[PDB]
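Here's the structure, in C-alpha cells; my notes come after.
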Amino acid sequence: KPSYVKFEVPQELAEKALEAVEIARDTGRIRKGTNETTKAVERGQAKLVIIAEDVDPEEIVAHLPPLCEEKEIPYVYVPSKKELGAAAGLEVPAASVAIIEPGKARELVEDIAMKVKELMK
Amino acid sequence: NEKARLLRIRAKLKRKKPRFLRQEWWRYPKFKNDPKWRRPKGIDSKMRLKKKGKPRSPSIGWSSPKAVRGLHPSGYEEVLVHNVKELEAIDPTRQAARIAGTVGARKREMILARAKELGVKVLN
Amino acid sequence: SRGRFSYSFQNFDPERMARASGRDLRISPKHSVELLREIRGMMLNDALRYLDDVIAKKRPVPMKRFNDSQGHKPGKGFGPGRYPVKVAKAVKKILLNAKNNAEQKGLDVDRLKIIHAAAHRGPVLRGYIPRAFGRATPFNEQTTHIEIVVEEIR
Amino acid sequence: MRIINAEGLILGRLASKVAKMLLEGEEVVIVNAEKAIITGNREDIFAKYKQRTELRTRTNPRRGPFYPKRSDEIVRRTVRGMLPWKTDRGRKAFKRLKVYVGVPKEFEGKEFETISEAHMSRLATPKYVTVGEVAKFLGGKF
Amino acid sequence: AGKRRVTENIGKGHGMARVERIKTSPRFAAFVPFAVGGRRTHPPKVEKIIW
RNA sequence: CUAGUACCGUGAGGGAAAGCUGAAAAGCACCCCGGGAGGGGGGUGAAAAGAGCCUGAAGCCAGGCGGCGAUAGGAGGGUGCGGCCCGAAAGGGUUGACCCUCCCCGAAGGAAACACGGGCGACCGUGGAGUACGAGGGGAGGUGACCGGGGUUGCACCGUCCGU
RNA sequence: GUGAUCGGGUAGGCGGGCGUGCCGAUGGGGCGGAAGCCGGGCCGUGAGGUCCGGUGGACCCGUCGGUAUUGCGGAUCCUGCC
RNA sequence: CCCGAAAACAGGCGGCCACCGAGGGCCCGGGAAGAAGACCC
C-alpha cells in the first residue's frame with residue numbers, strides 16, 4: 001500500500017487496460033518506461049496510461065500522479081509487472097506504460113475512460 | 001564508488017583474459033571433448049619457452065581484486081540452499097540464494113514463498 | 001509396424017507423407033549413395049523410368065565421390081559414370097512399397113514427390129579368405145539400409 | 001585516373017613514386033614508356049637484361065621466370081618488384097595500373113603530368129640508355 | 001593371481017613390441033602388470049601392519 | 001554363464017570369449033504391398049523398453065540446416081578490426097542496453113599557426129606555453145532495445161608440430 | 001608498514017590447494033524424478049566447481065576426522081571397436 | 001617450323017537467338033580416328 005496509490009481498483013478495469021495496451025501493441029504507438037511516459041505527458045502526446053502496483057521502491061512512480069492529474073487523462077492501475085512486460089512484449093518487468101494512437105481499441109479506450117471517470121466521481 | 005570501480009576492473013580483466021588450454025587441443029578429439037589446462041613440460045616445447053605467436057599460460061597476475069573476488073555480476077555473494085533452515089540465516093543485503101538442483105518442486109514451492117517474504121533474492 | 005529402427009527425417013506429417021524402408025540389404029552403400037543423390041528431388045514415376053533405363057544400361061549414373069580407376073562415358077557431363085543394377089532393383093522395390101502406402105493412406109499417386117532418400121551402413125558379416133605364407137584376411141559383406149519419404153503435392 | 005608521361009624520366013624513381021600512389025589507392029596510366037631512360041653503361045645493362053631473359057626452369061619452362069622483352073612490360077615489372085606481390089593488397093594495387101607505348105587516341109587531347117623527383121635534369125653524366133634500345137637488343141616488338 | 005600363464009617373447013625385429021605372449025592362438029599377452037589379465041604391480045597384502 | 005569347456009599340438013603339454021525386457025508376456029489381434037527376410041498402418045503398456053531387448057558415450061557413416069567455396073602458399077594457431085547465422089532459461093538490461101553530446105579534476109608526458117631575431121643551409125633560440133591535449137576518476141542530460149557470449153569466415157600483422 | 005637494493009628457469013629441494021573410491025560421526029536431498037549422458041550460462045590465475053534445458057528411471061551429496069589396487073598422450077604398451 | 005585466348009587489359013569480325021526457344025547431346029549406319037572419353041563422314 002504505497003504512497004503513490006490513491007484508490008482501490010476492481011479487476012475488469014485493469015484487465016481491460018492490459019488487453020488494451022496489447023491490442024494497441026498490435027499497430028499504434030506505445031512508450032514503455034517512466035522517462036518516456038513523463039516526456040509524453042509533458043508534450044501532451046499521451047492519451048491513455050497504465051501503472052503497476054508492486055513498483056518498489058516508489059520514488060519513480062510516486063511523482064507521476066502529480067503529472068496525470070493536471071493532464072487529466074485516464075491512468076489505470078494493474079497489479080502485476082510481468083503482465084505488463086508481456087503486454088508490451090518484453091522479458092523485463094514494466095512499471096508504467098503510455099499508450100497513444102489506439103487502433104483496434106478506440107472502443108475499449110472510450111469504455112475504460114468512462115468507467116475510470118465514474119471512479120473519479 | 002570503490003566497489004563499482006573494482007567491478008569494472010574485473011569486467012575488463014575477465015573479458016581480455018584468454019581461455020587457458022593445452023598445447024594442441026584443436027588437433028585430437030580426445031582433447032576437444034575435454035578442454036582443460038595442463039602445464040607443458042617438454043624440453044623443446046614453445047609454450048613452455050613463451051615465444052611470440054603461441055598461446056599463453058596462467059599466472060597469479062590475472063587474479064581479480066580480493067573485495068569482489070567470487071561475486072555475482074549482480075554484486076551479491078552466492079549461497080547454496082537445500083531447505084528453509086538454510087534459507088533463513090541469510091543477510092538479504094549482501095547475500096543471495098541459489099537453490100540446489102536436486103531439490104524437488106514440492107519443496108521449491110515452500111522455499112520460494114519464504115524467500116519472497118523475508119526479502120531474499122533468488123537467482124534461479 | 002515393428003519398432004526396430006527409426007528415420008533421420010524430422011517434422012513428418014502423417015496426412016501428407018508416406019514412408020518406406022529396406023533393411024539389411026546386400027548391396028554397396030557407396031553406389032546407393034550415388035544413385036539416391038540422383039533420384040532425390042524428383043517424382044516417383046520419373047524415378048521409376050530412370051531406374052528402368054539404368055537397369056537396361058541405356059543411361060549412366062555419374063560418380064562424384066567414389067571414382068578411382070573409372071572411365072568416362074558418351075555425351076555431356078561425363079566425367080566418371082557407372083551402371084548399377086542390384087541397387088536399382090532394390091530401390092525400385094522400396095519405391096513400390098511407398099506408392100502402395102500412399103495409396104492405402106488416401107494420397108493420389110500421380111502427384112507424389114520424393115523428398116527424402118537416405119542410405120545407411122548396416123552391420124558387417126565377417127568371413128575370411130586364405131592367402132599366402134600362412135595368413136587369412138577379412139573377406140566381409142557390407143550391408144545397407146535405405147529410407148524413403150514421399151509427399152503429395154498441391 | 002592520373003596520367004603520367006615517361007619522357008625524360010628515370011625508371012626506378014618513377015616506379016617508386018607510382019607504387020606508393022597505387023598503394024594509397026589511385027589509378028595510374030603511363031604513356032610513352034619507350035622514352036624513359038636507364039643510367040649506366042650499355043654493355044652492363046644489356047648483359048643484365050639478357051641474363052634475365054635466359055633464366056628458366058630446367059624441368060618445365062611452362063613455369064619459369066617470365067622476364068619480358070617489351071618496354072611497357074619492363075616498366076610494369078619494375079613497378080611490380082616495388083610492391084608486395086604475394087598479398088591481396090599488392091595484387092589489387094598492381095591491377096590498378098596500365099602502361100602504354102605511345103599515346104593512344106583514347107588518351108589523346110589530355111593534359112599529362114610529370115614527377116619532379118625523377119628527371120634527366122638532375123644528372124651530371126652523359127651516360128644513359130633508353131628502354132627502347134634495350135627492347136631492340138632483346139628482340140621485342142616496339 | 002595373474003601368475004598362472006606360460007609365455008614366450010617375440011624378440012626384436014618383428015614390428016612388434018617385446019612383450020610376453022602365449023603360444024596358442026589368439027596369442028594374447030600375459031603375466032605382465034600392464035596386460036589385461038596379468039598380475040597387479042603393487043597389490044594389497046596380509047603382511048601389513050594396521051595395529 | 002552347458003569352464004579346465006570349446007579349440008590348438010604326434011606327445012609331454014597349452015588355453016579363451018561370453019551377465020541385466022518389463023510390475024505382469026500383457027512377447028504385437030487384424031488389414032495393404034512383397035517370391036520371401038521384411039516394410040507400412042493399427043493395437044498392449046506408466047513408458048517400445050520389441051527379445052538384433054536397462055542406460056546407450058566417443059571414433060566412424062549418411063542426410064538436413066548455417067557459414068566459406070574453381071587467380072590460389074604454409075605445422076592448420078595468436079593479436080586486432082569487420083561480414084553472415086543462432087540467441088527461451090541459467091548473464092546484464094525499460095528502476096533503462098548500445099551509441100551521442102556537455103562540464104569539472106587530471107599523472108608521466110606534451111604541440112602547432114604566428115611575431116622577433118641567429119645559421120650558406122637542414123634547422124634552431126625567446127615569446128606563444130607548460131597553453132590545446134592527455135590514462136583514468138566524478139557528475140548532468142537527450143535516445144529508446146539491445147549488449148556480453150557462441151558458430152563460421154574476410155583483411156592486416158605475427159608464427160618451421162608433439163615426446164626423447 | 002617497507003621493498004631503486006622482491007617477481008625468467010632444466011636437474012633438484014620446500015610450501016599450499018583441486019579431484020577419485022571406502023570407513024567413523026555430523027547435517028541434508030530424492031518417483032512433484034537420484035546417479036550417468038548431451039548442449040549451454042556463471043564463478044574461478046588454474047586444477048575445477050555449480051546452475052538451466054533436454055534424455056534417463058533409483059539412489060546421492062556436503063563439513064570434520066581417518067584410510068587407499070587414488071589422477072595418463074606416449075612404454076616399436078595391453079584389450080575391444082572403427 | 002611446332003604449341004598456343006586461362007594472354008586476369010581472361011581478345012577481334014561476321015551472323016543467329018534471348019531481354020515458346022538459337023543451338024547442343026543421347027540414339028541409328030559406319031572409319032580415313034581411337035586404351036575410356038574425344039575426333040571425322
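Backbone-built Cβ (ideal geometry, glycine too); neighbour counts: all protein chains shown. Every read-out reported here was derived from the displayed coordinates using simple, explicitly stated rules and does not represent laboratory data.
Nearest 20 debye, what's the magnitude of the dipole of the stretch A:12-69 about its Cα centre given +1 on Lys and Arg Cβ and -1 on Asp and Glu Cβ? Write out the running numbers ahead of the final one.
Numbers: 8 positive and 13 negative charges, 112 e Å.
Rounded to the nearest 20 debye, it is 540 debye.
For the stretch B:6-27 and the stretch E:1-37, what is the separation of their Cα centres, given in Å?
If you average the Cα positions of each part, the centres end up 48 Å apart.
Treating each Cα of chain B as an identical point scatterer and ignoring solvent, apply the Debye formula and state log10 I(q)/I(0) at q = 0.13, 0.16, 0.17 Å⁻¹.
Computed log10 I(q)/I(0) values: -0.78, -0.90, -0.93.
On the first, second and third principal axes, largest extent first, how far apart are the outermost C-alpha atoms of the stretch D:12-142 in Å?
47, 41, 29
Work out from phi, with θ = phi - 60° and the Karplus expression 6.51 cos²θ - 1.76 cosθ + 1.60, the ³J(HN,Hα) of each residue of the stretch B:89-97, listed in order in whole Hz, and give x for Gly and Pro.
6, 8, 8, x, 9, 10, 10, 9, 9
Divide, for the stretch A:72-121, the radius of gyration over alpha carbons by 2.2 N^0.38 Å, where N is the residue count. Mind dumping the intermediate values first?
Working: Rg = 12.2 Å, N = 50, 2.2 N^0.38 = 9.7 Å.
Cα-based Rg divided by the globular estimate yields 1.26.
Given H placed on each backbone N at 1.01 Å, which residues far from C:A118 in sequence or on other chains put an amide H within less than 5 Å of it?
Amide H neighbours of C:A118, under 5 Å, 5+ apart: C:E147.
Taking every Cα atom in chain C, find the radius of gyration and the maximum pairwise distance Dmax, and write them in Å.
Rg then Dmax for chain C, in Å: 17.9, 66.
Between C:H31, C:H116, C:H72, where does the largest GNM mean-square fluctuation fall for chain C, given springs only between Cα atoms within less than 10 Å?
Evaluated over chain C, the most mobile residue of the options is C:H72.
D for the stretch D:5-50, whole µm²/s, Stokes-Einstein with Kirkwood Rh over alpha-carbon pairs at 37 °C and 0.692 mPa s: what number? All intermediate terms of the calculation are to be shown ahead of the outcome.
Details: Rh = 12.0 Å.
D, rounded to a whole number, is 274 µm²/s.
Go through A:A14, D:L9, E:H14 and say which Cα lies farthest out towards the positive end of the charge dipole of the protein assembly as shown; charges sit on Cβ, +1 for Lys and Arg, -1 for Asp and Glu.
E:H14
Ranking request for peptides B:108-119, B:29-40: highest mean number of other beta-carbon atoms within 10 Å first, then the rest in descending order. Don't skip to the answer; put the middle values down first.
Details: B:108-119: 13.3, B:29-40: 10.5.
The peptides rank, most packed first, as B:108-119, B:29-40.
Out of residues 5 or more away from A:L48 or on other chains, whose amide H comes under 5 Å of its own, with H placed 1.01 Å from N in the peptide plane?
The answer is A:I99.
Given charges of +1 on the Cβ of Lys and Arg and -1 on the Cβ of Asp and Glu, with all other atoms neutral, how large is the dipole of chain B about its Cα centre, in debye to the nearest 20? List each step's numbers first, then the result.
Numbers: 36 positive and 11 negative charges, 278 e Å.
With only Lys, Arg, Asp and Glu charged at Cβ, the dipole is about 1340 debye.
So how do D:94-103, B:71-80 stack up, highest first, on mean other-Cβ count within 10 Å?
On the way: D:94-103: 16.7, B:71-80: 13.2.
Ranking, from highest mean packing down: D:94-103, B:71-80.
What percentages, rounded to whole numbers, describe P(r) for chain A computed over all alpha carbon pairs with 10 Å bin width beginning at zero?
In order of increasing distance, the bins hold 14, 51, 33, 2 percent.
Would you grab the residues whose amide H sits under 5 Å from the one on C:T144? Only those 5+ places off in sequence or on another chain, please, with H modelled 1.01 Å from N.
C:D24, C:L25, C:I27, C:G122
More than 45 angstrom separation, counting every C-alpha pair in the protein assembly as shown; what % is that? It would help to have the intermediate numbers written out before the result.
Values: 120751 of 174936 pairs.
Within the protein assembly as shown, distances greater than 45 Å cover 69 percent of Cα pairs.
Positive end of the charge dipole of the protein assembly as shown (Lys, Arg +1 and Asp, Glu -1 on Cβ, about the Cα centre): tell me which of D:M21, C:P14, B:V68 has its Cα farthest that way.
Ranked along the dipole, the leading option is D:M21.
Taking the Cα centre of the stretch C:1-152 as the origin, how large is its charge dipole in debye, to the nearest 20, when only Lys and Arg (+1) and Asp and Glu (-1) carry charge on their Cβ atoms? Working shown, then result.
Details: 30 positive and 16 negative charges, 153 e Å.
That gives a dipole near 740 debye.
Taking +1 at the Cβ of each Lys and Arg and -1 at the Cβ of each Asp and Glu, which of A:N35, A:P57, A:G89 sits farthest along the dipole of chain A towards its positive end, judged by Cα position relative to the Cα centre?
Of the candidates, A:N35 comes out farthest on the positive side.
Taking every pair of alpha-carbon atoms in the stretch A:39-98, give the share separated by more than 18 Å as a whole percent. Please report the intermediate quantities before stating the final value.
Values: 590 of 1770 pairs.
I get 33 percent for the Cα pairs in the stretch A:39-98 exceeding 18 Å.
Report the calculated FRET efficiency for E:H14 and C:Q10 (r = Cβ-Cβ distance, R0 = 41 Å), to the nearest 0.05. Show your work: numbers first, answer last.
Details: r = 52 Å, r/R0 = 1.27.
Using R0 = 41 Å, I get an efficiency of 0.20.
What distance in nm lies between label points placed 7 Å from Cα along the C-beta direction at C:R2 and D:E26?
It works out to 7.9 nm between the two label points.
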